[PDB]
Amino acid sequence: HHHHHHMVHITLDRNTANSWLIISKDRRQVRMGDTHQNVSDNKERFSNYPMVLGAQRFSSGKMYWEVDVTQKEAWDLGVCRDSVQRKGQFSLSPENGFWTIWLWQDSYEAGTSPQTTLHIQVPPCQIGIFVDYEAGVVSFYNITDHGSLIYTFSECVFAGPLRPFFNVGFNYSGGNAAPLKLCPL
Ligand SMILES: O=C(c1ccc2c(c1)OCO2)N1CCCCCC1
């Protein structure tokens, strides 16, 4: 692709984080801790899942950023509405305000309803995310495989400001402790 010139500097918003996440001092990395990270509860925090939002809000233009997923067994990435549900159980779908892909149990899926199988020959270590607000497009790229297309959501109905969206996943296995990292420009 040729989206790199719309690069934006994303930082994580600690106030949205599940109370078990550890966000680095530079707000560019997040991982699972061993326990409750000693923060107060608030209505922004994702309660059921190890999710966090970027601080930036987007309502126009073209935006691009990259995320490192090296050695993780499970994660979700993409964008979501600023007004998504934070508490209780929910599915990642456009109907619920999410435009995401994920890894789970050695398969990659797009968060459509129902979910769509992705065809990835080279397991990605870094994912590029492109948003075109006006066109209603969210696209995912495999940076490990020369930027090859993973998935495009088109005809998106954003219906509000968008925030970068992250899920570090469960670590029931002991094999998914590695962080998500926002890669330098
Ligand atoms: O992966 C998780 C986990 C993370 C966030 C959660 C959660 C579970 O439920 C609500 O938000 N853990 C922690 C507890 C069990 C042992 C390790 C796995």
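Start at 1 with the first residue, then count along the sequence.
Residues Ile129 and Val67 share a closest heavy-atom pair of CD1-CG2, 4.4 Å. Nearest approach of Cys183 to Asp68, heavy atoms of both residues: SG-N, 3.7 Å. Nearest approach of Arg27 to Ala55, heavy atoms of both residues: NH1-CB, 4.1 Å. Between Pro94 and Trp99 the shortest heavy-atom distance is CB-NE1, 3.6 Å. Contact detail for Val122 and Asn142: the closest heavy-atom pair is O-ND2, 2.8 Å.
In this structure, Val39 is not a member of the same hydrophobic cluster as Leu21, with clusters built from ILVMFWY side-chain heavy atoms closer than 4.5 Å. Criterion: ILVMFWY side-chain heavy atoms under 4.5 Å apart, direct or through other members. Under it, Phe140 and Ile120 are part of a common hydrophobic cluster. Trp104 and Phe98 fall within a single hydrophobic cluster, where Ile, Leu, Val, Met, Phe, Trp and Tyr side chains are chained together by heavy-atom contacts under 4.5 Å. Hydrophobic clustering (ILVMFWY, side-chain heavy atoms < 4.5 Å, transitive): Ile22 and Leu53 are in distinct clusters. Cluster membership check: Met7 does not share its hydrophobic cluster with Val137, using side-chain heavy-atom separations under 4.5 Å among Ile, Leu, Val, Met, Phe, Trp and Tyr.
Judged by distance alone, with hydrogens and angles left aside, the side-chain atoms of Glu134 form a donor-acceptor pair with the main-chain N or O of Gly61 at under 3.5 Å. Formation of a donor-acceptor pair under 3.5 Å by the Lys72 side chain with backbone atoms of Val168 is found in this model. Under a 3.5 Å cut-off, the side chain of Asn42 and the backbone N or O of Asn15 do form a donor-acceptor pair. At least one donor-acceptor pair under 3.5 Å links the side chain of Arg28 to the backbone N or O of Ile10. Formation of a donor-acceptor pair under 3.5 Å by the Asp132 side chain with backbone atoms of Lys62 is not found in this model. The main-chain N or O of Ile23 is found under 3.5 Å from a side-chain atom of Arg14 such that the two form a donor-acceptor pair. For the pair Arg86 (side chain) and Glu44 (backbone), a donor-acceptor distance under 3.5 Å is present. Between the side chain of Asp82 and the backbone N or O of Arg57, no donor-acceptor pair lies under 3.5 Å.
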- Message: Walk me through whether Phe46 and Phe166 qualify under side chain to side chain contact (heavy atoms under 4.5 Å, CB included).
- Response: CA-CA 11 Å; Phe46 290 99; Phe166 308 85; over 6 Å; no
- Can you check side chain to side chain contact (heavy atoms under 4.5 Å, CB included) on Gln126 and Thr70, steps first, answer last? CA-CA 7 Å; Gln126 298 90 35; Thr70 298; 4.1 Å; yes
- Item | Stepwise side chain to side chain contact (heavy atoms under 4.5 Å, CB included) test for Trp65 and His9 | CA-CA 7 Å; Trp65 62 97; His9 183 81; over 6 Å; no
- Evaluate side chain to side chain contact (heavy atoms under 4.5 Å, CB included) for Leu92 paired with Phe165, printing each intermediate quantity in order. CA-CA 11 Å; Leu92 296 177; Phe165 173 78; 3.9 Å; yes
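Under the 30°/60° scheme for interplanar angles, the aromatic rings of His3 and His6 are found to be tilted.
Counting non-hydrogen atoms of other residues, nucleotides and ligands closer than 6.0 Å to CG of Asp26 gives a total above 12. Dense packing is recorded around NE2 of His36, with more than 12 heavy atoms of other residues, nucleotides or ligands lying under 6.0 Å away. Crowding of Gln71 atom CD: a count of heavy atoms from other residues, nucleotides or ligands under 6.0 Å not exceeding 12.
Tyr151 has its ring centre no less than 6.0 Å from the ring centre of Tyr108.
Applying the side chain to side chain contact (heavy atoms under 4.5 Å, CB included) criterion to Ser107, with sequence neighbours excluded, gives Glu109. By the ring pair (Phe, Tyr, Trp, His ring centres under 6.0 Å) test, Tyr133 is found to be paired with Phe158, residues two or more places apart in sequence or in another chain being considered.
Note on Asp41 versus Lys87: salt bridge recorded, some NZ/NE/NH1/NH2 to OD/OE distance being below 4.0 Å.
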